[PDB]
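A.B. asks: Below is a structure I'd like to ask you about.
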There are 2 protein chains.
Amino acid sequence: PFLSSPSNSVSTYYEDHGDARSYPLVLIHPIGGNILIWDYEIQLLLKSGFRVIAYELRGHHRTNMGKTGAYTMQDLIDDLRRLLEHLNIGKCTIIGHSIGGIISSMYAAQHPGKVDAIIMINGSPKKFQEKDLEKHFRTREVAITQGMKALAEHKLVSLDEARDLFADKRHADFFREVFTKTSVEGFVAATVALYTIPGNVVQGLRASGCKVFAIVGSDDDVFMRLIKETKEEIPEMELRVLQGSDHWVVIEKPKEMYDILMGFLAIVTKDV
Amino acid sequence: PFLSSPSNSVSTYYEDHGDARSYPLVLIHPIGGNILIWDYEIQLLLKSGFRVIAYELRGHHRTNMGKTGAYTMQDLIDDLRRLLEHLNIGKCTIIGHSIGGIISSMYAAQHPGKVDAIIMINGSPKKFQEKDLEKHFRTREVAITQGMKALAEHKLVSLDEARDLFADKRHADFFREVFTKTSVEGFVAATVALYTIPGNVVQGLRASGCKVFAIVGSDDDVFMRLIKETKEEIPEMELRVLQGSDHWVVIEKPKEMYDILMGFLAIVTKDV
């Protein structure tokens with residue numbers, strides 16, 4: 001279904017699975033992702049008795065850009081706020097991958113009464129260092145000049161590196177499926193938006209008192225570093241590292257991630 | 001005339017005034033500006049024997065956005081590079097107001113062989129503090145929800161303040177003329193782009209060895225602070241303050257600004 005704003009013309013594609021009386025979980029995909037990345041998780045979480053809400057970010061798959069083609073992270077938080085108001089969600093847990101993790105942290109900070117817990121998968125509440133975002137200049141250039149299918153092909157092969165992004169063609173092909181639904185304008189805007197993350201989200205997230213959980217791939221050097229910094233500042237956070245996983249862990253779907261996830265959700269649902 | 005890129009579909013509107021053999025000056029307008037803001041200056045500089053190049057930024061007046069609706073400051077530098085290559089400009093002086101000043105500084109840093117001098121009018125090479133950009137959340141919201149004509153009206157009246165943005169209706173009306181040619185998507189994108197200024201432009205500008213000049217209005221608290229910080233770091237810069245002028249000094253056109261400007265240009269042209 002679609003939630004369309006008359007004021008900014010963004011029409012958010014979303015799905016609301018499960019019974020409306022069940023405990024709601026909100027799934028937020030990464031840059032270049034969409035609800036297709038969550039297929040397994042929607043089925044797993046429904047079988048576990050949750051209501052599962054997933055949506056597509058501006059310019060990703062079925063969601064458009066609206067009146068403008070640039071935005072700040074705050075705009076993405078406001079999109080999520082509007083969706084959860086539309087669905088009459090009072091208290092929920094948010095599961096966010098990469099940018100989805102950042103979004104979850106800012107939402108919790110801004111709406112502490114609305115969130116029991118956040119689960120950030122290769123995400124954090126921190127601003128990036130400039131060096132962390134340098135790579136996106138070249139990915140933007142490929143997206144603009146050559147397009148998204150070309151960009152995916154470049155992401156998938158590493159002539160320079162001892163290995164490709166995924167070892168298994170099946171995972172590569174799942175990534176292709178998902179990534180190539182992203183619009184060029186949406187990819188560009190999302191990557192630019194990363195510069196607009198406020199420097200005080202860690203303080204706000206600590207202030208919220210919501211339960212903070214993180215799952216990080218040991219090979220994701222950027223998010224390892226940021227989440228370790230985050231744990232220094234939010235000692236009540238629960239962090240778990242997946243040895244040998246990297247940024248795109250949601251494509252590979254290692255079993256241990258789900259063992260960890262369901263563990264966390266058991267803690268959250270105990271206290272609800 | 002237009003310079004259109006086949007790779008990013010940006011079609012830059014520009015004007016190239018004066019004789020092609022004369023010393024070239026490049027004029028870069030602020031966010032919400034366009035070549036209309038430079039009318040007086042084009043005439044003054046032509047009468048002084050310069051070749052005068054002016055252009056419109058992405059999404060401002062006659063320039064479109066291209067394939068995307070978001071970009072980084074680097075993208076704006078690349079647009080300028082393409083324009084000066086198109087016009088076969090080897091060595092020039094750049095006069096930039098506000099964002100135009102920032103652009104001039106990054107261009108000089110990246111292309112030191114191409115620039116004799118930059119003149120930044122309420123601009124600097126520094127990144128903003130977050131607090132400096134907080135105001136643009138509300139101006140973006142007005143632009144998106146109410147439009148640019150409404151935004152101009154809100155900028156022009158200060159119920160809260162001891163005075164309006166301009167004391168003279170004639171200056172207000174000049175501002176209206178100019179500002180309301182800006183597209184909503186262009187305003188939004190430009191303001192977002194401010195977050196993407198690199199933190200090392202001051203070092204690069206100092207490295208370039210180009211002559212650095214700045215004119216700042218004493219009432220422009222943000223740019224006073226940034227340019228003072230810049231002068232600490234680039235002691236060879238020449239800074240002049242206009243007492244009683246503010247950010248939109250290019251609308252008011254005080255005579256002292258031109259006395260200062262022509263002075264600087266005399267220094268630059270002595271060494272050419």
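All residue names refer to the structure tokens as shown: chains lettered A, B, ... in order, residues numbered from 1 in each chain, ligands numbered from 1 in order.
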Taking the DSSP assignment computed from this structure's backbone, write out as a count of residues only all residues of stretch 2-205 of chain A that belong to strand (DSSP E).

C.D. replies: 33

A.B. asks: Counting only C-alpha atoms, what is within 7 Å of residue B:26, bar same-chain residues fewer than 3 positions away, as a PyMOL selection string?

C.D. replies: chain B and resi 52-54+93-95

A.B. asks: Let me see the file: selected residues, N, CA and C atoms, as a PDB file, in the first residue's frame.

C.D. replies:
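Saved as selection.pdb:
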ATOM      1  N   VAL B  52      33.788  39.306 -18.288  1.00  0.00           N
ATOM      2  CA  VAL B  52      32.931  38.922 -17.123  1.00  0.00           C
ATOM      3  C   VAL B  52      32.104  37.706 -17.477  1.00  0.00           C
ATOM      4  N   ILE B  53      32.354  36.622 -16.767  1.00  0.00           N
ATOM      5  CA  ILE B  53      31.629  35.382 -16.922  1.00  0.00           C
ATOM      6  C   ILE B  53      30.727  35.194 -15.717  1.00  0.00           C
ATOM      7  N   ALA B  54      29.462  34.954 -15.925  1.00  0.00           N
ATOM      8  CA  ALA B  54      28.550  34.667 -14.795  1.00  0.00           C
ATOM      9  C   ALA B  54      27.730  33.463 -15.158  1.00  0.00           C
ATOM     10  N   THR B  93      40.201  35.400 -12.056  1.00  0.00           N
ATOM     11  CA  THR B  93      39.885  35.726 -10.694  1.00  0.00           C
ATOM     12  C   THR B  93      38.405  35.384 -10.505  1.00  0.00           C
ATOM     13  N   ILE B  94      38.046  34.793  -9.371  1.00  0.00           N
ATOM     14  CA  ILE B  94      36.652  34.407  -9.082  1.00  0.00           C
ATOM     15  C   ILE B  94      36.136  35.261  -7.925  1.00  0.00           C
ATOM     16  N   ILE B  95      34.977  35.814  -8.143  1.00  0.00           N
ATOM     17  CA  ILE B  95      34.249  36.645  -7.189  1.00  0.00           C
ATOM     18  C   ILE B  95      32.998  35.833  -6.803  1.00  0.00           C
TER      19      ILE B  95
END

A.B. asks: Identify which of the residues A:196, A:191, A:183, A:145 lies closest to residue B:8, counting only C-alpha atoms when measuring atom-to-atom distances.

C.D. replies: A:145

A.B. asks: Please check the contacts: residues of chain A at most 9 Å away from chain B, using only C-alpha atoms, listed as a VMD selection string.

C.D. replies: chain A and resid 6 to 8 67 to 72 74 130 137 144 to 146 184 to 186 188 to 190 192 to 193 195 to 196 198 to 199

A.B. asks: Hey, what's within 7 Å of stretch 242-247 of chain A if we count only C-alpha atoms and toss same-chain stuff fewer than 5 positions away? As a PyMOL selection string, please?

C.D. replies: chain A and resi 122+216-220

A.B. asks: Could you give me, as JSON, numbers by chain, the residues within 10 Å of residue A:46, counting only C-alpha atoms and dropping anything in the same chain fewer than 6 positions from it?

C.D. replies: {"A": [17, 18, 19, 22, 25, 52]}

A.B. asks: Hey, can you spit out that residue selection with N, CA and C atoms as a PDB file, in the first residue's frame?

C.D. replies:
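Printed below is again04.pdb as written:
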ATOM      1  N   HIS A  17       2.193  -6.507   7.712  1.00  0.00           N
ATOM      2  CA  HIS A  17       1.929  -7.933   7.767  1.00  0.00           C
ATOM      3  C   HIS A  17       1.524  -8.357   9.152  1.00  0.00           C
ATOM      4  N   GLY A  18       0.690  -9.417   9.208  1.00  0.00           N
ATOM      5  CA  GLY A  18       0.342  -9.949  10.500  1.00  0.00           C
ATOM      6  C   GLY A  18      -0.891  -9.299  11.098  1.00  0.00           C
ATOM      7  N   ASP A  19      -1.234  -9.740  12.295  1.00  0.00           N
ATOM      8  CA  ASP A  19      -2.398  -9.231  12.969  1.00  0.00           C
ATOM      9  C   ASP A  19      -2.173  -7.881  13.592  1.00  0.00           C
ATOM     10  N   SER A  22      -0.939  -7.726  17.185  1.00  0.00           N
ATOM     11  CA  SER A  22       0.329  -8.273  17.591  1.00  0.00           C
ATOM     12  C   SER A  22       1.381  -7.179  17.768  1.00  0.00           C
ATOM     13  N   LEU A  25       6.886  -4.753  14.800  1.00  0.00           N
ATOM     14  CA  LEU A  25       8.295  -4.605  14.429  1.00  0.00           C
ATOM     15  C   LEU A  25       8.336  -3.866  13.109  1.00  0.00           C
ATOM     16  N   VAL A  52       4.529  -7.137  11.391  1.00  0.00           N
ATOM     17  CA  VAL A  52       5.768  -6.710  10.670  1.00  0.00           C
ATOM     18  C   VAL A  52       5.431  -5.624   9.673  1.00  0.00           C
TER      19      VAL A  52
END

A.B. asks: Between atom CA of residue A:24 and atom CA of residue A:47, what is the distance in Å, rounded to a tenth?

C.D. replies: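 The value is 13.3 Å.
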